[PDB]
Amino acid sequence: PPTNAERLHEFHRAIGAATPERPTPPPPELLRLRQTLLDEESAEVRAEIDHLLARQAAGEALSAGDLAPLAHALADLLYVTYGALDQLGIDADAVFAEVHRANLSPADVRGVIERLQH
């Protein structure tokens, strides 16, 4: 099964978006787009959390189905976060794995980037 990071690679290739094989310093325009998309989706997460909190405050008993907009927005946020890493040429899974290693047990992301060049 494809990982979510590999899925981003498929998406960018299907839309004609830069998706380099190895870590690649980016043009400013790429950085600016990635910041915009991250701001867009994290605002949507925030708004969907605010709706849940407001309903709960008024006594509503949330159902599982009631979580679908927030889950959708959280997945959208994953999507643009992975997307930033993909457009930088950086294997997100390799960086996530090193972060996970440190949390589970210090993350050397600089070392992962260096290794990804080769």
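In case it trips you up, residue 1 is the first one in the sequence shown, and so on.
The deposited sequence places 10 or more unmodelled residues between residue 105 and residue 106. Once the C-alpha B-factors are averaged per stretch, 85-93 and 55-63 rank with 55-63 first. 106-114 and 21-29 differ in mean CA B-factor, and the higher of the two is recorded for 106-114. Among all modelled residues in its chain, residue 13 ranks in the highest third by Cα B-factor.
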